[PDB]
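Colleague: My sequence and its experimental structure, below.
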Amino acid sequence: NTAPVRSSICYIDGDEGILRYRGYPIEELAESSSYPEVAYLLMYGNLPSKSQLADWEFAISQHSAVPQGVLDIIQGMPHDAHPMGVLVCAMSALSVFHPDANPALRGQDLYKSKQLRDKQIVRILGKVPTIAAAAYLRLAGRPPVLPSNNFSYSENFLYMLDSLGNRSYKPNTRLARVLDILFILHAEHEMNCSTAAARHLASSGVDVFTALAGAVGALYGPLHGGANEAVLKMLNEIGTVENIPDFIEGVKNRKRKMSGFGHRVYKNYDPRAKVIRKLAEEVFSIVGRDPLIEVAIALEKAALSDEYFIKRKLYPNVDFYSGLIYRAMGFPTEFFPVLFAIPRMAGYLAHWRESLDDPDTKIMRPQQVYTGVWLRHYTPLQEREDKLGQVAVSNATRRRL
Amino acid sequence: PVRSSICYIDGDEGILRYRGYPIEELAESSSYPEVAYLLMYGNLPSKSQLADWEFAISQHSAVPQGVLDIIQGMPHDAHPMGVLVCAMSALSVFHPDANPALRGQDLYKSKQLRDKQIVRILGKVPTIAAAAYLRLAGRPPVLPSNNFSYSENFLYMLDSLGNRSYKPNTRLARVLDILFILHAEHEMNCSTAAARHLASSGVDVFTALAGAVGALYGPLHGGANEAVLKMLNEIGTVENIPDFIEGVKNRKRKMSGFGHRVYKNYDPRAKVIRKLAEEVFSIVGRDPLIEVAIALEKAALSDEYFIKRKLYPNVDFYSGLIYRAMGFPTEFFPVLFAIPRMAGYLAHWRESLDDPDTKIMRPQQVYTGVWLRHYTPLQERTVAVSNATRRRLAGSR
Amino acid sequence: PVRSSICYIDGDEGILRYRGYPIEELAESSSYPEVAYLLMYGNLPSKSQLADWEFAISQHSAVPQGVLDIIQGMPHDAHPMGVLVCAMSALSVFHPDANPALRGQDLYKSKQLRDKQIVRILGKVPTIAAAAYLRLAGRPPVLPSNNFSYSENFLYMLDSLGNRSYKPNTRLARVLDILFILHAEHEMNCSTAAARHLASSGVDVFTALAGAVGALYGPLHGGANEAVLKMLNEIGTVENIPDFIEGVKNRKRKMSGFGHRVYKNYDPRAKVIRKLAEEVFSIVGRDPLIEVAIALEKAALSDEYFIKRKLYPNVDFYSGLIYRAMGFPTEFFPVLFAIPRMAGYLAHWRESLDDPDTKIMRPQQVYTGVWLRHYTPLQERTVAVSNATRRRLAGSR
Amino acid sequence: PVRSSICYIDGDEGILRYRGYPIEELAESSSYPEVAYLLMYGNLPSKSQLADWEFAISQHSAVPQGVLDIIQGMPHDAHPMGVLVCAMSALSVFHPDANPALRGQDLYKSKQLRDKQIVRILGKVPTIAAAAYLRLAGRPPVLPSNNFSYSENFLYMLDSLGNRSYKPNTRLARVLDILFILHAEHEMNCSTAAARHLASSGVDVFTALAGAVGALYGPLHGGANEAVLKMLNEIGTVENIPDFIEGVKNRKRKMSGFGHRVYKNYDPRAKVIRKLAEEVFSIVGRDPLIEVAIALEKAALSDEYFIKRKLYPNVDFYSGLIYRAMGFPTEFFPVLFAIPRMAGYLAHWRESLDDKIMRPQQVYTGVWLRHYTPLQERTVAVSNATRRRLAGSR
C-alpha cells in the first residue's frame, strides 16, 4: 500500500466491482467493443475513429514475419519443455533481431520520437500472436506455419492456430467473438509484480522487448498461473458426480478444499461471471460438451442449493468458467497460462509511454535493514552446519572417474 | 517493508561492506569462489568449506550443448547481451528438474536443490560469456576445463587457439579476478530491485535472472564506459587537452569519468585498479589511448575545476583503459560487467526465498483519469505516423 | 524341442554348465570372447584362435556415420531399449552386404560368411551401445577407438571425457566381463527360443536379435530392476529399514520377484560376485540406493519369512545394483543384459543351424465359432467405444 | 499347444471361417474394416456400429513428425522391407503408451486402452510403412485425408503424383480390400507363434509387431511367390508348354510354388482369385509374361501328372500376378503381403490377454561335467582374411 505512484490507464475496485477503463465501464466494452478498440481506448484514453483504427489494424497486419532464428530455436528445443519459455526465448531473440531499435547504445535521448513508439507497439502486437501459435502447434508437432493476413486479430490467430496452408479454411465467428471477449476480460489486472517491474524497466530506458520480457517472466510464476490447472485437476480428480456428496460435506466440515469457487478479488457480485456463463453456453452449442463440464455444472447447481457456498461467498469465479472454455477450444492444460498473457501485454504497453512521461519514476534506492555485522575484518586462511552443496557422485563413477 | 542484510554502503565515505568486510580487504588476497560463498552466506569459507565450494564450482563447469546450438543460432553481429539473455532462457528450458512448471513450489524450498542450481548457474554463466567472446570472431567454440579455480580457468577457456596445453598468466588471472570482484555487489539498486521483486514472486531462478541482467543493458552503467572512451578518443592529442580543460569549464562540453554519484570520500576500488593499471601497463605495454589517458589524469588534477568542483577519476576510467589493454573488443564491456553481478543476484534470490515473512503486497494507486465515460458505437465516430511511408507507399504508387 | 550341446541349466537344483563346464571354474578365470568361442565351437580354443577371434572382433566394429543420425536429436520418451532395437534394425541395412536374402537364395550356409558375420555382430554392438548414453546427457560423439579389449573399449565409449587421449579403466572392464559370463547363457525362455529357431531357417540375424531384445524389455520377464526401482526408493537410509523389514513379514511392503524363471533355490555364481560387489561398495561412492540394498540382501537371504518363501535377491537385482553403481544411469538396466545374452543366442543360432531339430509348433486350438452361419448382408442389416480425439470440429466451419 | 477360437484351418476340405464366417459370404458381401471388427469382437457389426468403427479407424492417423527425418537419412539403396522395419522401429521410440516401465500394472487393461491402441496401430501403418515406397520412387510423403475408404486412402497416399485432391480409381480399391481377406491369417506359419508367445510374455505392441514383421520375411512365408517369378522367366515364350511339362513329368526341370504347405484340396478362394486376376487383367492390361503364366497354368490344369498328385497352384502365385498387374515392384511385394496379417495378431493379442510364458522342453546332448584349466595351458576363429595386408607386406 501507501501509493507512491499513480495509474492513469484505469481505476479498479474489485471489492465493489468498479472497473473504470478510462472512465468507460467494463460492460459496454465487453458487450460492444473489440480487442484493438479497447487497446486504443486504454493507450489513448478516448475512443477511436474507424479510420483512426482502421489504420491501426492495417498497421498491425503488416507484421508477423518473424526471423527463422526463433523458428529453429524453438524447433531445436526438445519436445518436453514449456511453451511459454518458448515465448520468452523467441521474444528475447526479437530483442536480438532488432538491434536498430535499442536505445541502450545510442544514448537515453534516442526514444524521444513518436514514430518509434508507434513502430515498436505495432511490431509487438503483430508479432506476439504468431509466436504464441507457432509455439502451440510446434508443441503439437506441426512446424510453425506462415501468416496469411486477411482476418481480424482473433480470426487471424485462428488461421494461425491451424490452417495446414489451406486457403479454404474460414474462421468460426462464435468462438472468435467469445475468445475476443475473454481476451478483454483479462486485458488488465491490478498492478502485478510485472507492471511494477516494467515501470522501472521503462525508467531505465531499455528495449521494449526486454521490458515486456521482464513483465511476462513475472507472469510465468505459479502465483498467477497456478490457479487454472489447479482447478482443472481438482475437477478431474473429484471425478464422478457420486464423489460430489462426500466432497461437499468435506467442505462443510472443512476436510476437503474447493479450488475455483473463491477469489479475494471477487467473492461477490460480478456480472462478468454471467457474461462468461452465457459465452460458455454459446461455446457448448458450437462445439459440444465434455464429462468434466457436466460434472462442473452438476457441482455448481448443487452449490447454489447449498448454503455453505453462498454464505461463505464461494461462488464460481472467472478462472473456473474460463478454464472450462479453454478446454472447450481443445487446448491442453499446459497451454493455459499463455492464453492468459496475450491480452495483458496491451495494458502493460499502455503503461510504457505512461511510465515514460511520468517524471517521478527513476532509478531508485530500495530501503532495507542490514542487521549483519557492521564491522567484521578479513582474516587470512592460515590460522583457520551445511552439506556445502552435496553433489551425488554415483553416476560419475563411470563417466567422470 | 522489504528488508535484507546482505551488504552496506557508506555513501559519504564510499565504503562497501560485504558483511562488514571492507572491499580492499577482499581484493588484497581473496579468490572469487571464496568471496562468492562469503557474501552469499555472510560467513567466511573455511579450509574444508572453501575446498568443497571450489570443488563443486569446478565440477559442473561444463555447460550444456543445446545452448551451444543456441549460440550458433544467433547471428554474427548480434549484441552479446541479448545473446546472453537468450542463452539463459534456453538453459532454463534445459533444466526441467529445476523449473516450477512441473515441480510445484516445494522444489524451490529445499536447500540441496537451491545450492545445486546456484553453483550450476555460477558455472554456466562464464562459460556462455566465453562462448560469446570466442564466437564473436567466428572461430569454433571450445570445451571447458576443470584443473583451476574460477578466473584463471575462465582465462584458460579464453585463450587456447585449438591448443589444450595452454595456461593462465597468473598476474593476468589475478588482475582479472580483482576486476571481477570490484563490481561484485552494490546495495539495493534498480536491477537488484527487479531481481528480488521477480525472485520472491515464485518464478524459475533461470530466466529469472535472465531479466535482472537485461536490466543492465540500459545506459545507466552499460554505456558509461563508452562515453569516456568516445570523449577521450575525440579529444585526440595532448595539445587539445588545455583548451578542452577550459572547454569543460565553459559548460559547452561535459566531462564524465571522474568520481561517483554515491561515493565521494573515496572508492578504494579506484586506487586498487590504478595499481593494477600500472601493473597491466608493465605487463602488456602502452597504446596511444593509454598515454592520452594518463596525460589527462595528470593534467586535469592541476586545473582548478576538479579542485573546486571535486571530480575524482572514477573506476570507469581505469576499468575502460584496462579493458582496452586486455584485448577486449569495444562492445564486450557490458557482459564483462554482467559476470560479477550474478553473485549478488544469487545471494539476494537465495535470501528472498529464505524468508517467507517478506512480502510484495499490491501497491495502491491514485487514478489520474476521468471518473466516468460511456461507449457509443463507432459509425458516428466524429473526425497518423503509424507506418513509415515513401518506401512501400511509393513502391505501390 | 532342441538338442543341447551348448549349455545346460539345472533350474530346480542350481548348477549351470557351458558345454559341461561348471560355472565356478569357468567364470572365475575366463574372458568374454573365450566363453564366446567355447560355446560357439565346442571344445576350447587355442592362442592362435584367441588372436584371430579377438583381432577380428576388435577390427570389425566401427561404423562411420550410420544409425547414429537416427538418434542424436530424436525424442527419448522411454528407455533407450527401443532406441537400441531401432539402432540394430538400421544396422541390418547399413551393411546390406551382410544379408543372405539378396544373393542367390541362402548365404549363411557359407562358412566364411557365417564366420565374418558372427564376428562382426558379436563386436558390432559396442559402437551403438556408445550412443546408448550419448542421448541422455548430451556430450558430442567420440570415436569407437578400436584398439582395446571388449569391455575396455565399451566403457571407454562412456568414459572418454570427450577426449581422444584418455585411458579407460580396466578393473571396470573386468567386472563387466565377469558379470557378462554370469549372465552368459540360459535355455529357452521369454522369446529366447522364439528368436533362435525362428532364425534357424530365418532370413537374417540382426532382425532376430532385435526382436529378442525388444521382447525382453518389460519390467519382469527377464529384467528385474525396473520394478524394484520404486521398492528401493522412499525407504530412507537406515530408519526405514525396520519399517520395511516388518512390512515384508506382514506382506504390506515387499519386493517384486526373485530367482530366475527356472532358477529359484540355489545359485552359487552371484555369491562370489556379491563379494566383488562389496569391493564396488567402497570405490564407486555411496548413495541411499546402495546402503539400503546392503541391509536388504543381508536380511532378505536368511530371515524367517524370506527363507519361508525362498526370497533372496536375484542375480538380476545384483547385476542392476553393480551396474548402476558403476556410474550408469538409473535406467541402463536392460541395455546391458543384451551384451552377453546376445552372445548366448549367437551360440544358440549356430547350434540350431547345425542340428535340424527346430520344428514348428502344431496347433491345438479350441474353435468356439459355429461350424456354419448364414448370410448377414449389410443392406438388409439394421442398426466398441469409438472414443476419439475430437478437440475441435467446427474450426473448418 | 495354442488354444484359441480366432480361426480354423481345414486343409483337407477347405472350410475357412472368420469367427464362424466363411469367405463365401464375406468376399462378396463385406468390407475389410467390417471383418476387422468381427475378428476383434467375434460378432458382426451393425451399420451404426460399422459407422462409428470406420470413423474411429479413419480419424486417428497422426503420424509422428520425426519419420521424415529418418526416411531421408540412410543409404538410399536400402531394402524395402528394411526401410519398413527401420521406419517403424523409429516409431517405437515415439508414442509413450507402449512402455511397460511406465505403466507398472495398467499396460493393456481397459477396453479404452485396447481399442485406442488398435486404431493407433491400424491407422498409420502404410503411412509409417508403405509411404516409404515413395522414397524408392523418389517423392516426398503425401499426407492422408481420412475421408475416403481405407484402401482408397492407401492408394491415394501412395499414388497421388503431387495433387491435393486426387481421386483414386474406385474399382481397384475393392480388389485391394478383398486381397487382404483372401490371405488375411494362417495359423502357426512361423511368426504367429512368435506373436502369441510374446503376447503371453506381456509386452507392448510396437516392438512386438516390429519383431513380427522383421521375422515375416522368412522365405517360406516372406518369399511367398518370389521364387516362382524366376520360373516365369525360364519358360520364356509360351511355345515352351509341352517340352517343358514333359520334362517336369521327367522330373528334370525345376518347379516352384505348387500345392500348399497346409492346403491340398479344392478352394473357392482359387475361383475368386482367378476372377479377380482376370478382372484386373481387363482393367489394367498385361505383358506377355502374364500370358506366359496363363499358358503354363492352363497346361498344368490339363496334364495327367499333376492330376495324379492333386497338384493345384498356390494362392501366392495369383497374388503375385495381381500385384504385378497393378504395376508394383516384385521386391516391394512383401509390403503388399504384411498388411492384413497384423490384424489377426491384434485379436490374438486381445485373446492372448484373456487366457502363458510357455517354455518348451529340450534334450541335452553335450558333455555332462568336466574340469576346466586356465587359458595359459589351453594351448594347442575360422577365417583369416586371405587378402592379408601383413601377407601383402611380408
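Modeller: Happy to help now that I have it. Numbers count the residues shown, from 1 in each chain, chains lettered A, B, ... in the order given.

Colleague: Residues touching the host helix or strand of residue A:41, excluding its own?
Modeller: Take DSSP states H and E as the rule and residue A:41 turns out to sit in helix A:35-44. For helix A:35-44, contacts defined as CB atoms under 8 Å, 6 or more residues apart in numbering or on different chains pick out A:9-10, A:21-22, A:24, A:29, A:33, A:47-48, A:52-53, A:56-57, A:60, A:121, A:125, A:153-154, A:180, A:183-184, A:187-188, A:343, A:346-347, A:349-350, A:353, B:378. For the C-beta atoms, the positions are set from N, CA and C on the backbone; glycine is no exception.

Colleague: Show me which of the residues you listed are buried.
Modeller: A:9-10, A:21-22, A:24, A:29, A:33, A:47-48, A:52-53, A:56, A:60, A:121, A:125, A:153-154, A:180, A:183-184, A:187-188, A:343, A:346-347, A:349-350, A:353, B:378 (16 or more other CB atoms under 10 Å in any protein chain shown).

Colleague: Which members of these occur in helices, if any?
Modeller: Using DSSP state H, the members of those that fall in helices are A:29, A:52-53, A:56, A:60, A:121, A:125, A:153-154, A:180, A:183-184, A:346-347, A:349-350, A:353.

Colleague: ok, and of the residues you listed, which contact chain B?
Modeller: Filtering these for proximity to chain B by CB under 8 Å from any CB of the partner chain leaves A:29, A:52, A:56.

Colleague: okay if I get the residues you listed as JSON lines plus distance to chain D?
Modeller: As requested, these are exported to JSON lines (distance: CB to the nearest CB, whole Å):
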{"residue": "A:29", "distance to chain D": "40"}
{"residue": "A:52", "distance to chain D": "42"}
{"residue": "A:56", "distance to chain D": "36"}
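
Colleague: and the residue nearest to the spatial centre of chain A, what is it in contact with?
Modeller: Geometric centre of chain A, nearest residue: residue A:341, 1.8 Å, by CA atoms, centre = their mean. For residue A:341, the contact set (CB under 8 Å, 6+ apart) comprises A:84, A:87, A:216, A:219.

Colleague: can you put these in a markdown table and add distance to chain C?
Modeller: Below are the contacts of residue A:341 laid out as a markdown table (distance: CB to the nearest CB, whole Å):
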| residue | distance to chain C |
| --- | --- |
| A:84 | 20 |
| A:87 | 21 |
| A:216 | 26 |
| A:219 | 25 |
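
Colleague: farthest pair in the residues you listed?
Modeller: The distance between the two most remote of the contacts of residue A:341 (CB to CB) is 10.1 Å, for A:87 and A:219.

Colleague: Could I get the full set of strands for the stretch 201-350 of chain A?
Modeller: Secondary structure of the stretch 201-350 of chain A by DSSP state E, counting those that start in this stretch: no strands are present.

Colleague: how about the residues of it that lie near chain B?
Modeller: A:201, A:203-207, A:210, A:213-214, A:217-218, A:220-223, A:226.

Colleague: So of the residues you listed, which two are at opposite extremes in space?
Modeller: Taking CB to CB as the measure, those have their most distant pair in A:205 and A:226, spaced 33.2 Å apart.

Colleague: picking that back up, ramachandran angles for the residue nearest to the centre of chain A?
Modeller: phi -110, psi -30 (degrees, to the nearest 10).

Colleague: Residue numbers of chain A in contact with chain C?
Modeller: Within chain A, the positions lying close to chain C (CB under 8 Å from any CB) are A:78-80, A:158, A:161-162, A:168-170, A:172, A:175, A:286-287, A:329-331, A:392-401.

Colleague: Next, the contact list for the closest residue to chain D within the stretch 251-400 of chain A, please.
Modeller: The minimum distance from the stretch 251-400 of chain A to chain D, using CB to the nearest CB, falls at residue A:291 (13.0 Å). Residues counted as contacts of residue A:291 (CB under 8 Å, 6+ apart): none.

Colleague: Same check on the one 4 residues further on?
Modeller: When the contact criterion is CB under 8 Å, 6+ apart, the partners of residue A:295 are A:235, A:238, A:239, A:240, A:241, A:244.

Colleague: Please, where are all the strands along the stretch 1-150 of chain A?
Modeller: Listed in chain order, the strands found in the stretch 1-150 of chain A under DSSP E, counting those that start in this stretch are A:12-13, A:18-21, A:24-25.

Colleague: Could you export those strands as a markdown table, including distance to chain B?
Modeller: As requested, those are arranged in a markdown table below (distance: least, CB to the nearest CB, whole Å):
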| stretch | distance to chain B |
| --- | --- |
| strand A:12-13 | 9 |
| strand A:18-21 | 7 |
| strand A:24-25 | 5 |
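
Colleague: These: which one's closest to chain D?
Modeller: That would be strand A:18-21 among the strands of the stretch 1-150 of chain A, by CB to the nearest CB, at 43.0 Å.

Colleague: And that closest one, what does it pack against?
Modeller: Here strand A:18-21 touches strand A:12-13, helix A:35-44, going by 3 or more CB pairs under 8 Å, 6 or more residues apart in numbering or on different chains; DSSP states H and E.

Colleague: Just the CA trace of that strand, in CSV.
Modeller: Provided in CSV are the C-alpha atoms of strand A:18-21 (Å, rounded to 0.1, in the frame of the first residue of the first chain):
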residue,chain,number,x,y,z
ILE,A,18,-15.9,-1.0,-10.2
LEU,A,19,-14.0,-1.3,-13.5
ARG,A,20,-13.2,2.1,-14.9
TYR,A,21,-11.2,1.8,-18.1
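
Colleague: Please identify the residues of the stretch 51-200 of chain A in proximity to chain D?
Modeller: Within the stretch 51-200 of chain A, the positions adjacent to chain D are A:141, A:142, A:143 by CB under 8 Å from any CB.

Colleague: at 10 Å what do you get?
Modeller: Residues of the stretch 51-200 of chain A found near chain D (CB under 10 Å from any CB of the partner chain) are A:75, A:79, A:138, A:140, A:141, A:142, A:143, A:164, A:165, A:166.

Colleague: pretty sure residue A:150 contacts residue A:158?
Modeller: No. Using CB atoms under 10 Å, residue A:150 is not in contact with residue A:158; the gap is 11.8 Å.

Colleague: Quick check, residue A:308 in contact with residue A:256.
Modeller: No. Counting by CB under 10 Å, residue A:308 sits too far from residue A:256 to count as a contact (11.5 Å).

Colleague: Give me the common contacts of the two.
Modeller: A:248, A:249 (CB atoms under 10 Å, 6 or more residues apart in numbering or on different chains).

Colleague: Widest-spaced pair of the residues of the stretch 51-200 of chain A next to chain D?
Modeller: Farthest pair in these (CB to CB) is A:79 and A:166. Separation: 25.3 Å.

Colleague: show me what contacts residue A:352?
Modeller: Per CB under 10 Å, 6+ apart, neighbours of residue A:352: A:43, A:117, A:120-121, A:124, A:198-199, A:201-202, A:208, A:211-212, A:215.

Colleague: ok, now with 8 Å
Modeller: Residue A:352 makes contacts with A:198, A:202, A:208, A:211, as judged by CB under 8 Å, 6+ apart.

Colleague: What sits closest to the last one if chain neighbours are left out?
Modeller: Leaving out its chain neighbours, the residue that sits closest to residue A:211 by CB to CB, 6 or more residues apart in numbering or on different chains is residue A:201, at 3.8 Å.
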